[PDB]
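Below: the structure, in structure tokens.
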Amino acid sequence: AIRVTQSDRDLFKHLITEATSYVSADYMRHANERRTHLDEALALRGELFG
Amino acid sequence: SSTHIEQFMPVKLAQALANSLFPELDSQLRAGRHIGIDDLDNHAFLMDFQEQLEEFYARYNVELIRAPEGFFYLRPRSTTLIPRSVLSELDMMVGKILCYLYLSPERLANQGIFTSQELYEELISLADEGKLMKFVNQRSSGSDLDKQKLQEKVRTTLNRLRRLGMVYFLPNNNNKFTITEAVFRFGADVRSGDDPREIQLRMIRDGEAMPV
Amino acid sequence: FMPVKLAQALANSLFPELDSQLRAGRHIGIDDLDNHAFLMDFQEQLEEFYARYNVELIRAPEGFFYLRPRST
Amino acid sequence: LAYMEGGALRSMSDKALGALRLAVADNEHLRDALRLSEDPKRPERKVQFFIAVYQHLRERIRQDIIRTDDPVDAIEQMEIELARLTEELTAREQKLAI
Amino acid sequence: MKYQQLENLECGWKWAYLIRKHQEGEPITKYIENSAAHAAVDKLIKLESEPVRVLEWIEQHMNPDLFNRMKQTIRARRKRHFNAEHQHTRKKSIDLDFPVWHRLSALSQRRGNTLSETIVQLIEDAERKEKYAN
Amino acid sequence: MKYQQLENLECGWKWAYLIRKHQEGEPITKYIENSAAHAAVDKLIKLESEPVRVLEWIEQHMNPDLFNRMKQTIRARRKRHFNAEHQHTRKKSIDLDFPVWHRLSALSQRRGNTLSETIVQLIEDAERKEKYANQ
DNA sequence: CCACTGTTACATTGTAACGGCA
DNA sequence: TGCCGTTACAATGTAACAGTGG
DNA sequence: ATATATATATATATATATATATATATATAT
DNA sequence: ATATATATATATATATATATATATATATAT
């Protein structure tokens, strides 16, 4: 029982931490570049209108 | 490719059917024997390849069913390829009584080991002595000869249930026994808090229980 | 694992009925064309399969097949 | 993570994928989802895969008391159970020795 | 009907296409049970070198939803096979940067012409401008 | 270096490329003996979930022929993967008839510019004509 | 020099959508 | 309609050239 | 020129697994 | 109340695999 529970806990921990690391980073990356692109596009828009 | 097990059968089903435990389990199951947690090896084997065996037995028009209590068994269909049979009313009385003893804490001191005498005493305590005796013999009126006949009939029914796996005689004693969780099926008509006549219709529709 | 041709024989749709009738002791003669041909074809493995049950699959000189239970 | 740049995010995501490859080889459909998730043209796939991961660990719960379906929640209960088991193991080994 | 269809060729094409799809994991057969699908696929594998029976195999075990894709793939294969013989009938494949492609396609939908027709017209106009100047 | 090199991705790409080549029937191994080639291929198959060891498998059993095609395919795959993020960096594949392609290519080598550049000049001349018609 | 990288111009195969035609 | 040609793509693989830095 | 060490073959006999037969308990049925 | 069928356990014999010890031929040191 001890062995089984230890394995289960370790597996759960590893899977969760790695999935979060894998996904959230790309999510943040995309969020950041979308922010940056918006910032750039506003300057382009203002210059165009003038 | 050819000469390849997957051509015909899933790998796990073939492995299960080639296991040393398969034949005894299959013979017992087809005989009608229920499987409880006590037979650790057989129970674990059933758990591992539960799906393969249900689909295999489906070929016989019989459902391998695991009750919520965790005990497996077989329910044949009307088109069963394996014959089907129904327990006697006395068998039902004794099965309900055994479920009571399994759930009864008063006898906890017994620690699960029970004698046929105690079973008979509890049965007569909760049931109707003479009107139940009526079934043993139509001409019974409390005669002690017929009383012994009823005791003997109870013993025979107990032996039959032992054959079904609902009860185990002790490694050395055939006059003492230990109950198994399979007995819970005898309460399937009351495990659900609904009208008895609807649970009875549901059960008979499911093939769980025929009438008499 | 399992012998491949034994696996083929078990998978055959005739197997459930034939198995039930054998375990019921029924004797399969030449009249049952499909069952008799199936047994002829797959005897080498059904003999082993039913020996796993401590039973012997016997083909009589007349030709009909049957199961002889051992003591075990 | 907001502070860092795309390069570090990509690198650590690659490392996380490397860990996942090991952690997922056993599974077939989940492994397939992981493999599909790598297309840059459909980032949403990644999230889908993440959901599956939860939708996997959810079913790996053992018994009623660990039915904190949130996988991150079950960890503490499991650790408590390990400690408890340590004590029961001590008792049982002493019994066996005597 | 413009291109004559040859059985020993198109049937080999179909066998190769189905084998490729199976190797890709596509469910070739209509059988949900894995055993029947595997048996049919093995029959197909050993069915190599047979048009008259691969056709029957398709009729009997083929997945219903792939019929159209297989049909159009074979159409394209036939057309390409017949067109690849001569230079003038061959087709040259190129890759265009997204802005350039966007503008060129804008012109093509606007004028109702195809990419070939639109580019031909534009080049002809460029040549005509050269001649006007020259 | 313009494109970030990712090890756990390029390694997977390489493993997939090798597997694809083998299943296509090609002799990815450098071994002429059937048995050693089969063993190397089997180990490579086992290496599915360990792309890191794929580099070592390459250094141990990869056919000497494939270095150029490998470095080409993976370089192109990297470029395409990084370009697919944005549309304005994507590429569009089109097919051209032989006469049309012949004239266009002749014009491009005449002007000494790539096909996209020649198309840019042509469409820009047409749009300049449209603008001067408009003003 | 030399190697490795980025890029272009194809090829190769597959697919969906139109439109023609019996 | 059902087939059949046709177009415009997509995805990947290669050869060849141009750059880049040690 | 001799005698000892090696490898080979062989029978021994040891143990296991199988299959058979008998005795027993005992549960049924007349 | 007793004949009969069934399940269980034990002894006994068969057959096979395998390790052990010895005998025989050759090699190599003295």
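Residue numbers (the deposited numbering), protein chains in the order written: chain D, 248 to 297; chain W, 2 to 213; chain F, 9 to 80; chain X, 1138 to 1235; chain S, 1 to 134; chain B, 1 to 135.
Quick reminder that beta carbons are idealized off the backbone N, C-alpha and C, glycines included.
{"Asked": "Which residue comes first and which comes last in the alpha helix (DSSP H) that contains residue 81 (chain F)?", "Found": "The structure shown does not extend to residue 81 (chain F), since chain F is modelled only from 9 through 80, so no value can be given for it."}
{"Asked": "Please list the residues of the region 35-65 of chain S that have a C-beta atom closer than 8 Å to any C-beta atom in chain W, keeping them in chain order.", "Found": "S35, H38, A39, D42, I45, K46"}
{"Asked": "What are the boundary residues of the beta strand (DSSP E) that includes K92 (chain S)?", "Found": "91-97"}
{"Asked": "Quick check on the burial criterion: 16 or more other C-beta atoms within 10 angstroms. Buried or exposed for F296 (chain D)?", "Found": "exposed"}
{"Asked": "Which of the three DSSP states is assigned to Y1140 (chain X) in this structure?", "Found": "coil"}
{"Asked": "Can the beta-carbon of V137 (chain W) be found less than 8 Å from the beta-carbon of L151 (chain W)?", "Found": "yes"}
{"Asked": "Taking Cβ-Cβ distances shorter than 8 Å, what residues in chain S pair up with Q53 (chain W)?", "Found": "The premise fails here: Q53 (chain W) is roughly 12 Å from chain S at the closest Cβ pair, so nothing lies under 8 Å."}
{"Asked": "Just the C-alpha distance for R111 (chain B) and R77 (chain S), rounded to the nearest angstrom, thanks.", "Found": "36 Å"}
{"Asked": "Determine, for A126 (chain S), whether the minimum Cβ-Cβ distance to residues of chain B falls below 8 Å.", "Found": "yes"}
{"Asked": "Rounded to the nearest angstrom, how far is the Cβ of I114 (chain W) from that of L171 (chain W), given a contact under 8 Å?", "Found": "7 Å"}
{"Asked": "So if DSSP puts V63 (chain W) in a beta bridge, which residue, or which two residues, is it bridged to?", "Found": "W:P77"}
{"Asked": "Using a Cβ-Cβ distance cut-off of 8 Å, determine whether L1233 (chain X) contacts chain D.", "Found": "no"}
{"Asked": "Here's the rule I'm using: 16 or more other beta-carbon atoms within 10 Å means buried, otherwise exposed. How should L1226 (chain X) be labelled?", "Found": "exposed"}
{"Asked": "Quick check: what's the CA-CA separation for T29 (chain S) versus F9 (chain W)?", "Found": "15 Å"}
{"Asked": "Do the region 23-42 of chain F and the region 63-74 of chain F touch if we need at least three Cβ pairs shorter than 8 Å?", "Found": "yes"}
{"Asked": "Just reading off the alpha helix (DSSP H) that residue 245 (chain W) is part of, what are its end residues?", "Found": "No statement about residue 245 (chain W) is possible, as the shown extent of chain W runs from 2 to 213 and does not include it."}
{"Asked": "Quick one: measure Cβ to Cβ for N83 (chain S) and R90 (chain S), integer angstroms, because I've assumed they're closer than 8 Å.", "Found": "6 Å"}
{"Asked": "Look at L104 (chain S) and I123 (chain B) and say whether their C-beta atoms are less than 8 Å apart.", "Found": "yes"}
{"Asked": "Note the first and the last residue of the continuous alpha helix (DSSP H) segment covering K21 (chain B).", "Found": "7-23"}
{"Asked": "May I ask whether a heavy atom of the ligand SAM can be found less than 7 Å away from the beta carbon of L75 (chain F)?", "Found": "In the structure on display, the ligand SAM does not appear, and there are no ligands present to speak of."}
{"Asked": "Which residue marks the beginning of the beta strand (DSSP E) containing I114 (chain W), and which one marks its end?", "Found": "114-116"}
{"Asked": "Establish whether the CB of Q8 (chain W) and some CB of chain S are separated by less than 8 Å.", "Found": "yes"}
{"Asked": "Beta carbon of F57 (chain F), beta carbon of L30 (chain F): below 8 Å?", "Found": "no"}
{"Asked": "Compare the C-beta of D1151 (chain X) against all C-beta atoms of chain B and say whether one is closer than 8 Å.", "Found": "yes"}
{"Asked": "Return the CA-CA distance between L26 (chain F) and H38 (chain S), expressed in angstroms with no decimal places.", "Found": "26 Å"}
{"Asked": "Under the three-state reduction of DSSP, which class applies to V100 (chain S): helix, strand or coil?", "Found": "helix"}
{"Asked": "Using the beta-carbon count (16 or more within 10 Å), is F73 (chain W) buried or exposed?", "Found": "buried"}
{"Asked": "Starting from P1177 (chain X), find everything on chain B with Cβ-Cβ shorter than 9 Å and list it in chain order.", "Found": "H81, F82, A84, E85"}
{"Asked": "Sort B:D65, B:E130, B:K21, B:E33 by Cα distance to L44 (chain B) and report the nearest one.", "Found": "B:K21"}
{"Asked": "Would you check if the distance between the CB atom of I58 (chain S) and the CB atom of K2 (chain S) is smaller than 8 Å?", "Found": "no"}
{"Asked": "Can you list, in chain order, the residues of its chain whose CB lies under 6 Å from that of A210 (chain W), leaving out five sequence neighbours each side?", "Found": "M204"}
{"Asked": "Which chain W residues are close to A45 (chain F), counting only those with a beta carbon under 7 Å from its beta carbon?", "Found": "Those do not exist, as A45 (chain F) stays about 19 Å from chain W at its closest Cβ, beyond 7 Å."}
{"Asked": "Any beta carbon of chain D sitting closer than 8 Å to that of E1216 (chain X)?", "Found": "yes"}
{"Asked": "Does the Cβ-Cβ distance between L1146 (chain X) and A248 (chain D) come in under 8 Å?", "Found": "no"}
{"Asked": "Classify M62 (chain S) as helix, strand or coil using the three-state DSSP reduction.", "Found": "strand"}
{"Asked": "Beta-carbon separation of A1156 (chain X) and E280 (chain D) under 8 Å?", "Found": "no"}
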